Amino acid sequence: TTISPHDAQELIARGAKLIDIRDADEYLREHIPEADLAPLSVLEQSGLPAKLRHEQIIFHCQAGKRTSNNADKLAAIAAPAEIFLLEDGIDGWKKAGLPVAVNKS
């Protein structure tokens, strides 16, 4: 259920939702352009909204830690989708040479 950045790309090309579970300030500083923001605490409170649902959902955070440690929560939050966790988070995505959007001041 953990997915490489390259394999996540292939899924996104087929309509998979990429969900960034970090906070807005983190997202605004640097994010994956395809990603939809939905902070974990919001998802825990009010659930995954219909607009972010799809047959395949990939979650990511900073370095893979928050996704790994909240795997069970995320499995329920996105049920009954096919659910994936991005290996090493946005840091992994960056290490793989894939594009990010960085705030210019």
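In this text, residue numbers run from 1 along the sequence as written.
Checked against the record, the higher mean CA B factor of 59-67 and 73-81 lies with 59-67. When the CA B factors of the chain's modelled residues are split into thirds, the value for residue 95 lands in the highest one. Compared with the other modelled residues of the chain, the Cα B-factor recorded for residue 31 ranks in the lowest third.
The deposited CA B-factor of residue 20 belongs to the lowest third of values across its chain.
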